[PDB]
Amino acid sequence: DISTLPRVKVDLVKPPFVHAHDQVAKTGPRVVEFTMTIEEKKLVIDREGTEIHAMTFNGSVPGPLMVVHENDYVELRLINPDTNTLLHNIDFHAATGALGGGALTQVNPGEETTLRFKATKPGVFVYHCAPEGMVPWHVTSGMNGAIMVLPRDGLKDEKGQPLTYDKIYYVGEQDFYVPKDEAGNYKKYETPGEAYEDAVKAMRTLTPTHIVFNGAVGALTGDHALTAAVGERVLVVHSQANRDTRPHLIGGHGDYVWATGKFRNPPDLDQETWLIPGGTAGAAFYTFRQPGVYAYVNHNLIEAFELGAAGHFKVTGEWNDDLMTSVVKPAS
Amino acid sequence: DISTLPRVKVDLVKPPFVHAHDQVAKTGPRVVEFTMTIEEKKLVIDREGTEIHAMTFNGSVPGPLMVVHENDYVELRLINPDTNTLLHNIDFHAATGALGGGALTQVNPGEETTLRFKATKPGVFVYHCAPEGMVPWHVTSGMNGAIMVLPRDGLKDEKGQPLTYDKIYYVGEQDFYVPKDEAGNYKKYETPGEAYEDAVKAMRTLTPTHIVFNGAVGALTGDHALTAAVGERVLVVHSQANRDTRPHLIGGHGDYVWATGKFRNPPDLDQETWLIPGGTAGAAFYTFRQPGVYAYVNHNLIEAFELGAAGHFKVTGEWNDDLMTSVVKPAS
Amino acid sequence: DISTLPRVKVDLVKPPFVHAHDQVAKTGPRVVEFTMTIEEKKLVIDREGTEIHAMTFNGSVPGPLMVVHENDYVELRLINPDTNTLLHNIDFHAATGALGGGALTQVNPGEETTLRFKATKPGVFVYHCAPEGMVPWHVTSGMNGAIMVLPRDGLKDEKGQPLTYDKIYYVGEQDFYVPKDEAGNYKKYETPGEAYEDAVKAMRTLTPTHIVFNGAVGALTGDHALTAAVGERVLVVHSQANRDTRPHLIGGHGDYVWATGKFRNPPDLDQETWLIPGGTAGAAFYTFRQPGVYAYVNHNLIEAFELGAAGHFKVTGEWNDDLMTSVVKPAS
Ligand SMILES: [Cu+2]
Ligand SMILES: [Cu+2]
Ligand SMILES: [Cu+2]
Ligand SMILES: [Cu+2]
Ligand SMILES: [Cu+2]
Ligand SMILES: [Cu+2]
């Protein structure tokens, strides 16, 4: 009887941060209540000032990471304010039935809905908007995020020993398909309906114009670089709702990686680069061993360094000359 | 001595259906006899009426699924009728030697050949035509299928317990590269030889114009939707002879997935989306838990919803409100 | 104390060959000394005579395979002769810290540097040049290779039994993005600086013009085909520094495959095709069972047969008619 279960309301946070949670379940199964408000907004996605009409969950690309435990119930109140122009919904890859909830959550502007589903499978999973006839447009406009369903006894390694993270970050990778004129400049549009056929044409090329982390070129750099300390165990959750990606920590590794994100499977060990298929979330665990700057990239290096799929970690602590040293510094 | 083994003749069926077979071998090793007739034919592949010259095994794209057990012999009689215009052959990824049989099966129109090979490795495997100098043209014109080699004691889960399916479907995913003029309209051709250089040019773009299941946009929808009942265990075999794909059951999961199709390996559990590399067949097992419509898609959603890589399951049975429910239906 | 360890100097060889090494470590940990000299040179990459300005480690594309054991130290002297024009460096995916060494190895023409790192994780790993602001240009101009870090007790199968190879080959797969004019012909450039923006434009299309093994179309064919004998156990290491690939041995299999290259993980068994993500090296082990010609390809068959990603094995020995035979040779 679900009415007899504890309810807990979660207040979500902006990626790449993640709301507070317990890795090992400190309660029995609960109904975990989330609220997200859809926001259609202009977003500047690159250094040139290219501005698109983004479709977001909770004002961000990606949408926030939701975190529950296996066999919790997820209850989501989805709000589509009358300041928006489009119909939206939500599909959870974690859920079973009704197109992941999409069939039950169609909200016109000025409407809201509440969906409840049982999180029966542990893993990281994509969620995204999926309105009938317009699915890839919404998804490639930013309307996706992820949900992590932790095993009730937390994460385990390939031998069944606990893996406990000290920090968790969520990197949502977004492929945008900004329509171009024949000279190659980005086109700009007066209404969503007037943009639609050109959006479809741009998507059909299958060639993204931008591939970004946390919604824009350089979003995870500078004052917004990810941080860690030598010796800290960090879990990076990475999602891509539409297109394959291949994350790589430049200077590091994925010590334990669930490339397709599902925690009943033993992790892959010692990965340099891992493939997260389009429509999947993955998770990588690493213990930092050296200080300094790391780049976290999609290792199609064109996608990383020309199209935007690169962020930074800044790591504090002691340098280990046993692991790496310059013997002879560059010289004539 | 192969002459002392039982022979069994199989009558193949059109995808997505699969010929009758036993999951657990009820006989010792056998010579399993198949016959396929090559058919070059016009096929309408989309809702616009785009018509291509398809090259098929047995009149279908994909070719039929063949099913044998490990250490059976597969004996194929391949017929190229004099009504065809091209040289064809067959390469089995399940076979060992002679380019998978391709070197031994070159049949001009009006010729036939019979190949026998030992199915030494259990899994789902691609087969395709591969004529010297013309390989990707034949494959991307539809001339591919798959063969399933079951373990003699049937499928097993990650712990070695039996997995028995109630139903099996074969989804062949086909990438077509229809030549376009500079305005972007599809070109139409008077002879294969006159089409060839433009086919090569179109392929070289590496951008398919269509990506379809069972040979056409919408082929697995409507009266031809896949079916199941709540509680039925379904195995979906999925092949792609040329290009990576990422299957996803919208509203469901891959409970047990062999993404690269080889049954000596433990399956991946609880998958949302799985990556089947180009030139591979994969297999996913799911037990339906909810009724209604499911979409089975390539989760590059542009490929699914704009280029054609989407089918439907219609599932009968009882709705489970514990797994999913609308708490508050969409309202103002 | 690293000064108390044995030092061993390795003399590298040109791919696809690999320098001599022991699979099982016959000494304790060592400092393994390598030297590579950067060479910028013109390379003809296709049958049409398309000539690019390649950037190489040691004069080859790919760079040579380095082979050490887990917990050895790798000491590399990198030389950038004054006959080159560009700044280069080296990033090892096997290393920990300083962007894989890239931050410590920036060498202008006329400079050299020596880097030492501890090879703490067993596997095959990519190395590549990665100069700040120019990374994908150098990598896609050929400046990448791989390093194999063997477990001290050699390779093991999924049950922990030894796997010993008789022969090893290194196949580096290179994606080139040769700039094209609007008619589609390759453009040719007077200086690197004058080529740069067009190189960037070509890369941004995300569509390689050439995808080659060992630096050119047909490099691993004819007198340079890979060789083996029936019954020989062969390990093929395959890297791709920028783009996903899907190797396949036509007529064979990957008996044991580490698709993402890391030997602490059990191998995948009986693979037809495997996915090596961009920025990764993988390794496949096969025991030949049939003589003749095999094709080793990227199984996007357009990439293989139109863009160049195909090589040959020539295998000597006895034909096994039990595994495959022509029953009825092609006839009217
Ligand atoms: Cu939406
Ligand atoms: Cu989805
Ligand atoms: Cu053919
Ligand atoms: Cu093939
Ligand atoms: Cu360089
Ligand atoms: Cu790298």
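Each position is counted from 1, following the chain as shown.
If you're wondering, the header gives X-ray crystallography, 1.5 Å.
Including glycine, each Cβ sits where the backbone N, Cα and C put it.
Shown in sequence order, B:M55, B:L86, B:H88, B:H128, B:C129, B:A130, B:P131 are the residues of the chain, 6+ apart in sequence, with a C-beta less than 8 angstroms from the C-beta of B:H138 (Cu cation 1 binding site). Feature annotation from Swiss-Prot assigns Cu cation 1 binding site to B:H88, B:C129, B:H138, B:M143.
Same-chain residues at least 6 positions away in sequence with a Cβ under 8 Å from that of B:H93 (Cu cation 2 binding site) are, in sequence order, B:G100, B:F125, B:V126, B:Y127, B:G279, B:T280. The Cu cation 2 binding site annotation in Swiss-Prot covers B:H93, B:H128, B:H299.
When the binding-site residues B:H88, B:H93, B:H128, B:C129, B:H138, B:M143 are checked against ligand 3, B:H88, B:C129, B:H138, B:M143 have a Cβ within less than 6 Å of one of its atoms. Proximity to chain A (Cβ-Cβ distance under 8 Å) holds for the following binding-site residues out of B:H128, B:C129, B:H138, B:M143, B:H299: B:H299.
Following the DSSP three-state reduction, the secondary structure of B:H138 (Cu cation 1 binding site) is helix. Of B:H88, B:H93, B:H138, B:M143, B:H299, listed as binding-site residues, those near chain C by the criterion of a Cβ under 8 Å from one of its Cβ atoms are B:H93.
For B:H299 (Cu cation 2 binding site), the same-chain residues lying six or more positions away in sequence with a CB closer than 8 A to its CB are B:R246, B:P247, B:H248, B:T273.
Here the binding-site residues are B:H88, B:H128, and the one ringed by the most other CB atoms within 10 angstroms is B:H128. Excluding B:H88, B:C129, B:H138, B:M143, which define the Cu cation 1 site, the same chain contributes B:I38, B:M55, B:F57, B:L86, B:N89, B:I90, B:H128, B:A130, B:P131, B:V139, B:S141, B:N144 within 8 Å (Cβ to the Cβ centroid), listed in sequence order.
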